[PDB]
Amino acid sequence: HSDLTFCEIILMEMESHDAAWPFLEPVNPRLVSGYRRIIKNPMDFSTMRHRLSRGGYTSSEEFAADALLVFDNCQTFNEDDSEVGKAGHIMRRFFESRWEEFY
Ligand SMILES: CC(=O)c1c(C)[nH]c(C(=O)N2CCC[C@@H](c3n[nH]cc3CN3CCCC3)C2)c1C
Ligand SMILES: [Mg+2]
């Protein structure tokens, strides 16, 4: 698959990005007050890595949906001027531009 090929490329670059530190592992709701109540479908890069490794993505569209979920959730829970929120805007702009320079 040429679609799955670029997903592996763009996931690799996001995992290694400087501003990827809030998204490398799932949020622990025990450690974050209100997260469980506010974020219905959590998502992060390791969950995407796991689903790609086991062949769980059909098309590149499903991969893009999970990536946009990460940043949608980030903007739903975190203030735009929080540390986590600022890293998410950097990561979201990176993904949007990189995804469009291929498709
Ligand atoms: C609540 C929220 O939307 C959020 C997201 C999407 N991500 C983070 C976040 O901060 N992390 C992600 C999980 C691991 C955390 C981690 N990994 N190694 C050490 C730490 C400790 N953190 C806390 C402060 C210093 C780093 C970092 C939040 C709050
Ligand atoms: Mg959107």
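Full extension of the chain segment joining residue 16 with residue 38 gains 5.1 nm, where the gain is 0.36 nm per residue of separation less the Cα-Cα distance. Its relative contact order, with pairs defined as Cα atoms under 8 Å and 6+ residues apart, puts the stretch 46-103 at 23 percent. Taking the three principal axes of the alpha carbon atoms in the chain, the coordinate ranges are 41, 25, 19 Å, sorted in descending order. Over the residues of the chain, the helix contribution to mean residue ellipticity at 222 nm works out to -19500 deg cm²/dmol, using -39500 (n - 2.57) for each DSSP H run of at least 4. As a length-normalised measure over Cα pairs under 8 Å and 6 or more apart, the relative contact order of the chain settles at 34 percent.
Comparing mean-square fluctuations of 43, 91, 12 from a GNM of the chain with C-alpha springs under 10 Å, the top value falls on 12. Report the paramagnetic label zone for residue 1: residues of the stretch 56-84 whose backbone N is under 14 Å from a point 7 Å from Cα along the Cα-to-Cβ axis. What the label zone holds, given the 14 Å backbone N cut-off, is 56-67.
Between 85, 56, 34, find the one with the highest GNM mean-square fluctuation for the chain; connect C-alpha pairs within less than 10 Å. Largest GNM mean-square fluctuation: 34.
Remark: spin-label model distance residue 24-residue 59 equals 3.3 nm, labels positioned 7 Å along the Cα→Cβ axis. Rounded to the nearest 20 debye, the dipole size of the chain about its Cα centre is 540 debye, using +1 on the Cβ of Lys and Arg and -1 on the Cβ of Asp and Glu.
Spacing of the modelled spin labels on residue 80 and residue 97, each 7 Å from Cα toward Cβ, amounts to 1.9 nm.
Neighbour counts run over all protein chains shown; Cβ positions are idealised from the backbone, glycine included. Since every read-out is calculated from the coordinates, none of them should be taken as a lab result.
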